[PDB]
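Reading through the structure tokens given below for one structure.
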Amino acid sequence: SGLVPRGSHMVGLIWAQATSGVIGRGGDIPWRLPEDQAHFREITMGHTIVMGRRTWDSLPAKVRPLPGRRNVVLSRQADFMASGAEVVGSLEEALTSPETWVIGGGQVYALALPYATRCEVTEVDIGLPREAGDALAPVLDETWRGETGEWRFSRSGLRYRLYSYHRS
Ligand SMILES: NC(=O)c1ccc[n+]([C@@H]2O[C@H](COP(=O)([O-])OP(=O)(O)OC[C@H]3O[C@@H](n4cnc5c(N)ncnc54)[C@H](OP(=O)(O)O)[C@@H]3O)[C@@H](O)[C@H]2O)c1
Ligand SMILES: CCc1nc(N)nc(N)c1OCCCOc1ccccc1N1CCC(C(=O)O)CC1
């Protein structure tokens with residue numbers, strides 16, 4: 001289950017959420033957590049990362065494409081271009097690698113969920129209620145089985161915990 005044969009197409013989702021399920025607001029993530037940034041890099045490095053066009057927009061121009069990973073951006077706009085990366089019009093076109101991490105945002109998590117067999121979640125204990133127009137984490141049905149870590153404490157003074165979910 002843990003090994004990925006090279007002829008397969010494994011799809012995982014990775015996200016960080018507040019306890020309310022908020023993942024994004026106003027084109028940004030409404031907190032910063034260094035431990036989550038390190039965790040995201042550790043999981044995704046060396047693999048293909050797939051993101052929605054609005055998540056590409058949310059990365060500073062100087063930092064994208066993200067290093068050490070093949071960057072794929074989803075857009076329906078025939079004139080949207082992502083310098084340094086590949087833009088495709090569907091998840092089917094994006095999922096050609098043996099191991100793909102979908103890195104957001106809310107629309108693309110919902111789109112990719114039917115094909116995903118792993119989710120890696122960071123939950124931040126920050127009280128941020130859901131507001132209209134927020135991007136939200138996908139909801140996971142009972143086909144998913146999860147492990148929840150104990151609450152840990154960030155150098156930034158926020159509690160956080162990690163979840164790992166899997167399905168067949
Ligand atoms: N906390 C986290 O872990 C995390 C991670 C990533 C992002 N974020 C945040 O989440 C927010 C962005 O999320 P979002 O839901 O607004 O947008 P998104 O999922 O990042 O991108 C949505 C865009 O993807 C394209 N798209 C969607 N469905 C498609 C399909 N079926 N085929 C092809 N292209 C498709 C469209 O691009 P076009 O409009 O160009 O057609 C659409 O506008 C930001 O606030 C960002 O900072 C948070
Ligand atoms: C790190 C945020 C994050 N967390 C988990 N758990 N899942 C995700 N999908 C996810 O969003 C990745 C795309 C947005 O990124 C950022 C947003 C705000 C601050 C920092 C970052 N990043 C730090 C690492 C860097 C890199 O890895 O090069 C890319 C930029």
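The first residue in the sequence is number 1, and the count goes up from there. Side-chain atoms are counted along with the backbone in the values below, which use heavy atoms only and exclude waters and symmetry mates.
Under the 4.0 Å criterion applied to side-chain N and carboxylate O atoms, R70 and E86 are assigned as salt-bridge partners.
Residues satisfying the salt bridge (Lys or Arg N to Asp or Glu O under 4.0 Å) test with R53, not counting sequence neighbours, are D57. Scored by the ring-ring contact (aromatic ring centres under 6.0 Å, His included) test, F153 finds no partners at all (sequence neighbours excluded). Every residue two or more places apart in sequence or in another chain that forms a side chain to side chain donor-acceptor pair (under 3.5 Å) with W15 is listed here: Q17. Residues passing the side chain to side chain donor-acceptor pair (under 3.5 Å) test with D134 are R25, sequence neighbours excluded.
Side-chain contact between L140 and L113: present, with at least one pair of heavy atoms (C-beta onward) separated by less than 4.5 Å. At a threshold of 4.5 Å between non-hydrogen side-chain atoms, the residues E93 and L91 do not count as touching. The shortest side-chain heavy-atom distance between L13 and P138 falls under the 4.5 Å cut-off. Residues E99 and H9 are not in side-chain contact: their nearest non-hydrogen atoms beyond the backbone lie 4.5 Å or more apart. The side-chain heavy atoms of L33 and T122, taken from C-beta on, include a pair separated by under 4.5 Å. Between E147 and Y165, every side-chain heavy-atom pair lies at or beyond the 4.5 Å cut-off. Using a 4.5 Å heavy-atom threshold, the side chains of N71 and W56 count as touching. With a 4.5 Å cut-off on side-chain heavy atoms, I14 and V102 do not count as touching.
Atom CZ of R130 has 12 or fewer neighbouring heavy atoms from other residues, nucleotides or ligands inside a 6.0 Å radius.
In the hydrophobic clustering of this structure, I126 does not group with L136; members are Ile, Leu, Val, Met, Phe, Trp, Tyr whose side-chain heavy atoms approach within less than 4.5 Å, directly or through other members. Linking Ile, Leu, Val, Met, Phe, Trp and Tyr whenever their side-chain heavy atoms come within less than 4.5 Å leaves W101 and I29 in two separate clusters. Side-chain heavy atoms closer than 4.5 Å link hydrophobic residues (I, L, V, M, F, W, Y) into clusters, and following such links, even through other members, never connects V22 to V124.
For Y109 (side chain) and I103 (main-chain N/O), a donor-acceptor pair under 3.5 Å exists by modelled atom type.
Between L74 and the choices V108, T55, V87, the side-chain contact (heavy atoms from CB on, under 4.5 Å) rule is met once, by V108.
Closest approach of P65 and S83 over heavy atoms only: CD-O, 3.7 Å.
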Donor-acceptor contacts, no H, no angles, side chain residues 40-52, under 3.5 Å, sequence neighbours left out:
residue	atom	partner	partner atom	Å
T44	OG1	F40	O	2.9
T44	OG1	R69	NH1	3.1
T48	OG1	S97	OG	2.7

Could you pull out every donor-acceptor pair under 3.5 Å between side chains of residues 155-162 and any protein atom, sequence neighbours left out?
residue	atom	partner	partner atom	Å
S156	OG	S154	OG	2.8
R159	NE	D125	OD2	3.0
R159	NH2	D125	OD2	3.0
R161	NE	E123	OE1	2.8
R161	NE	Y163	OH	3.3
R161	NH2	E123	OE1	3.0
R161	NH2	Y163	OH	3.2

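One side chain, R167 or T143, offers a donor N or O that lies under 3.5 Å from an acceptor on the other.
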